[PDB]
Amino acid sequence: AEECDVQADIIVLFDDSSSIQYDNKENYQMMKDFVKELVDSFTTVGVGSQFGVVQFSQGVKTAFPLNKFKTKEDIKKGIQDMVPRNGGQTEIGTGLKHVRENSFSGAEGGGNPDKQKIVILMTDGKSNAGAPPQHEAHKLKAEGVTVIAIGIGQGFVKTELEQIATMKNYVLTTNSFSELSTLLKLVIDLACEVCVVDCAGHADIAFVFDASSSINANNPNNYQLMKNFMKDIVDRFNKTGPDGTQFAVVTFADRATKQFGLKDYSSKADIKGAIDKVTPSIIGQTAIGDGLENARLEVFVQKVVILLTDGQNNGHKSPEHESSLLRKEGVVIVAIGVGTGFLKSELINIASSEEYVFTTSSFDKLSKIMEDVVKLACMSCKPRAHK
């Protein structure tokens, strides 16, 4: 049994499509019990955290708003009293649109700046009608909302949930509603994770950057611009070294090479001087997978990888596999492609979220993504859940 003390407004997006009831008469009660357990898990619900439930399938019905109930037992009875509509569609995006437009509005009891906003989506299927969910998830998350997504059975698509959730690891799956409850701990840990932009926190930052001969192939200033980009990112951190932000550099061409580890340098002057000594390979290959492997085995507090490539993977190592191993150790991965030689699919595969993927037509336009990349580079997440 796991608890979360964070003050939050929590909205559960509850699938009430007919496919749920067709599959099993008791599925809704299992979903209900799961939601009630979530309520029991937040220690400040009833003091002060709030809870809201929104039904979605064909259209959306708010079961109750954040401000309706004021005790765990009243909220739990509210959940029990819900009537699923058994709709003939699964409109995830429409549910998410509803949530950002109404469910967190002052009118329904939301808006308090002391409170973190959390949405937990449950679905046995893939969105098949209505507002496209990818856009609506984007808008929603922009407003400071954490999104956790739960997929049950086989009729959903995991990639869709991954674009919706805050990050890939905020997507949880299970084979049946019977097993839903094996996710309770995991959902709470995610809900109780607090991520903040802090460029003065303790963090370990690895640049995994392209060193192919392609970069300066038709412009000898490209490599230097890539280096200035990195240098500029370093400058945005308050303090470097064991007492602040530690930096590392891995470069990849046909293979990958650790240029410096996290403990080599404690000064920005030395870190930036180090970056500037990095030289391109004479080989035109982009071993993104080897780069990620190297960071995992040789480099690795908050951990971040910022990867930059102008080419597609050479296949010596699997970007998907190596990024998966890194993310499972808590590394946040940001992925950047420059030019027309990279494949955006590979960026999406390695990034912790498609929102952390950036692309630019050329190296002199890296300035355009600077601020967004720094915000992510300074991201600092802390688990607050506890037994």
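One rule holds for the numbers: they count along the sequence shown, beginning at 1.
Unmodelled stretch separating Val47 from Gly48: 4 to 9 residues (count of deposited-sequence residues without coordinates). For the two regions 289-297 and 184-192, the entry's Cα B-factors average higher over 184-192.
As listed in the deposited structure, the average C-alpha B-factor of 219-227 and of 165-173 is greater for 219-227. Set against one another, the Cα B-factors of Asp243, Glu91, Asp198, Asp264 in the record reach their highest point at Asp243. For the set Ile150, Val157, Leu308, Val119, the maximum C-alpha B-factor listed in the entry falls on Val157. Remark: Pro280 belongs to the highest third of its chain, ranked by C-alpha B-factor as recorded. The deposited CA B-factor of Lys36 belongs to the middle third of values across its chain.
Per the PDB record, residue ranking by Cα B-factor puts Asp114 in the highest third of the chain. Looking at the C-alpha B-factors along this chain, the one for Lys70 belongs to the highest third. In the deposited entry, the Cα temperature factor of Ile369 sits in the top third of values across the chain's modelled residues.
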